[PDB]
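# sequence and experimental coordinates follow.
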Amino acid sequence: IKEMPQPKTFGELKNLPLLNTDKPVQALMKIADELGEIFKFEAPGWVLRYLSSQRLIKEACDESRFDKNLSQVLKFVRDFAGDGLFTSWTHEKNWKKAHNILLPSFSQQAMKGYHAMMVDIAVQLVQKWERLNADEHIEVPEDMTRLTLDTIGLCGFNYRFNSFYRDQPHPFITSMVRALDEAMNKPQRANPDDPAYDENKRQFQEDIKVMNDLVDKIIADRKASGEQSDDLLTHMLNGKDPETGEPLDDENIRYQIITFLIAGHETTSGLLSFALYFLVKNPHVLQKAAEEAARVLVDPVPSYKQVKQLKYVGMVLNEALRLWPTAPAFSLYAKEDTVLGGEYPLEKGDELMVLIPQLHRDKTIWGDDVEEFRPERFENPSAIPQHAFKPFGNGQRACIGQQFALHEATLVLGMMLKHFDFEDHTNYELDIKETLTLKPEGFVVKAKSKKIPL
Ligand code: HEM
Ligand SMILES: CCCCCCCCCC(=O)N[C@H]1CCOC1=O
């Protein structure tokens, strides 16, 4: 039985001021680097144990001992995402109900049906870049976010955000981004009732209204039409949970749509942005991926089968998730009193946070060269130990969108590599901005068209 390390304290605020930063996950990674595989983090309101080693994270991933927890941030995201799949407790009826209804809509087999509207958006990205003038550059995370938001809008509810027609975000997105920012900031506040936060609280209620009104109208408009589209909203209006026999009600459908739009905006766009960052920084890898794209994508429009054939592009995406898993943490709670790693006693209800970027740098698993971008780590995927690579979370509370995100990312990265050469014209210095997710802020490239028609 060992005493766990604890970072520096600030008197009665304990560790909480360590999160008073725009880059809290990067701060926690440096604390993990100093303290090791586990540390305690105390705040006036709560305690977290942060895990970084495969040894301890493999135990935390045992669903008989530990279940998904909502962190303080997810409890505040729940003020707009409600009991949607991401912000529900496993024991809430609406979690298993929505899980059983939506799993078949997110299968690899379902991707065949979404492929054509993913291509619609991907072609809009390629056409944008083909139409840039010689002196111009690409704002990478900006354009990837236009793409990924628009893809989930169209595949999810046949709604076109038309992000490539805009500089200023859609008003729905203005409100969602500002609501996410308020949720992430509320926990680092020592006096949340201070009157200096009154305008923040008023703005938060307004943003929740903007989101509820567009989404509630989208649902009500589809119910009125009877239109049977190939989309998640049709699936949710018609579906019945095989276990309870119940359909989702309209409130819970709104929370799922809000949840999917948060995911589409925040996650896949980060993955694509980090993948392009690693490619321009590692030109031999770029050339392997470009060669595969040229060999495989032989038609003007990629097919579903051709995307599945892009093995090396998939290895690039997995190695970007290893170094910078764009959703970088998930929380668990102890179901009962238990001892972690034969050393750290936990009480029923004790909260854990998995630092996925630190798990993915465990030298006992990956070797000493963990900071190197090497897609070949994923060439023979059964070689990775159980619970060593967790960019989509764990068990029954793993990402439902994993096959959607990887199909879209593989399609788009394959098309980008088929159509363009890329230049890191600024020798860009990685700067990682943190929202719900990680993205490379200020990342710009120049593209040179290969002049290959669509
Ligand atoms: C590369 C892209 C993505 C990454 C890295 C990612 C990562 C994750 C992770 C780490 C979790 C677990 C959260 C936790 O345990 O608290 C999760 C859950 C979830 N993700 Fe994703 N995500 C991605 C894309 C998406 C997309 C595109 C969608 C939907 C369109 C989505 C929908 C969800 C939902 C609904 C859950 C909750 C699942 C459940 O608990 O039932 N994700 N994701
Ligand atoms: C799916 C990715 C979710 C992003 C979460 C990453 C945030 C890291 C900062 C953190 O540990 N904050 C804790 C402290 C108390 O309450 C929280 O929530």
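The structure has been received and is ready for your questions. Residues are numbered from 1 along each chain as shown. Ligands and ions are numbered 1, 2, ... in the order given.
# show me what the top helix by length along the chain is packed up against.
Criterion DSSP state H: the longest helix present in the chain is helix 198-225. Judged by 3 or more CB pairs under 8 Å, 6 or more residues apart in numbering; DSSP states H and E, the packing partners of helix 198-225 are helix 72-81, helix 171-185, helix 232-238, helix 250-263. Bear in mind the C-beta positions are built from the backbone N, C-alpha and C, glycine included.
# so which residues of the protein form strands?
For the chain, strands defined by DSSP state E occupy the ranges 38-43, 46-51, 66-69, 138-139, 329-334, 338-340, 344-346, 351-355, 420-423, 432-434, 438-440, 444-449.
# right, and ligand 1 sits closest to which residue of the stretch 301-450 of the chain?
Nearest residue of the stretch 301-450 of the chain to ligand 1 (CB to the nearest ligand atom) works out as residue 401 at 2.3 Å.
# can you tell me how far the residue nearest the centre of the chain is from residue 439?
Nearest to the mean C-alpha position of the chain, by CA atoms, centre = their mean, lies residue 267 at 3.0 Å. Taking CB to CB, to the nearest Å as the criterion, residue 267 is separated from residue 439 by 10 Å.
# who in the stretch 251-400 of the chain is up against ligand 1?
259-260, 263-264, 267-268, 271, 326-327, 330, 391-393, 397, 399-400 (CB under 6 Å from any ligand atom).
# now, of these, which are buried?
For those, a neighbour count by 16 or more other CB atoms under 10 Å gives the buried set as 259-260, 263-264, 267-268, 271, 326-327, 330, 391-393, 397, 399-400.
# ok, residue 414 - how many residues close by?
As a burial measure, residue 414 scores 26 neighbours (other CB atoms under 10 Å).
# what sits against it?
292-293, 296-297, 302, 306-307, 310, 313 (CB atoms under 8 Å, 6 or more residues apart in numbering).
# ok, 10 Å please
Shown in contact with residue 414 (CB atoms under 10 Å, 6 or more residues apart in numbering): 122, 289-290, 292-294, 296-297, 302, 306-307, 309-310, 312-314.
# closest one of the residues you listed to ligand 2?
For the contacts of residue 414, the nearest to ligand 2 is residue 314 (21.8 Å; CB to the nearest ligand atom).
# number of nearby residues for the nearest residue to that closest one once chain neighbours are set aside?
Among residues not flanking residue 314 along the chain, residue 410 sits closest, at 5.7 Å (CB to CB, 6 or more residues apart in numbering). Neighbourhood size, residue 410 [other CB under 10 Å]: 23.
# residue 410 touches residue 404, doesn't it?
No: with contacts defined as CB atoms under 10 Å, residue 410 does not count as touching residue 404, sitting 11.1 Å away.
# which residues do these two both contact?
residue 118.
# test my guess that residue 270 contacts residue 317.
No: Residue 270 is not in contact with residue 317 according to CB under 10 Å; the separation is 11.5 Å.
# looking at the two, which has the bigger crowd around it?
Each of residue 270 and residue 317 has its neighbours counted (other CB under 10 Å); residue 270 has more, 29 against 26.
# from residue 355, how far off is the more buried one?
From residue 270 across to residue 355, the span is 17 Å (CB to CB).
# one more: residue 154?
Residue 154 sits 34 Å away from residue 355, taking CB to CB as the criterion.
# not counting sequence-adjacent ones, nearest residue to residue 125?
residue 147 (5.1 Å).
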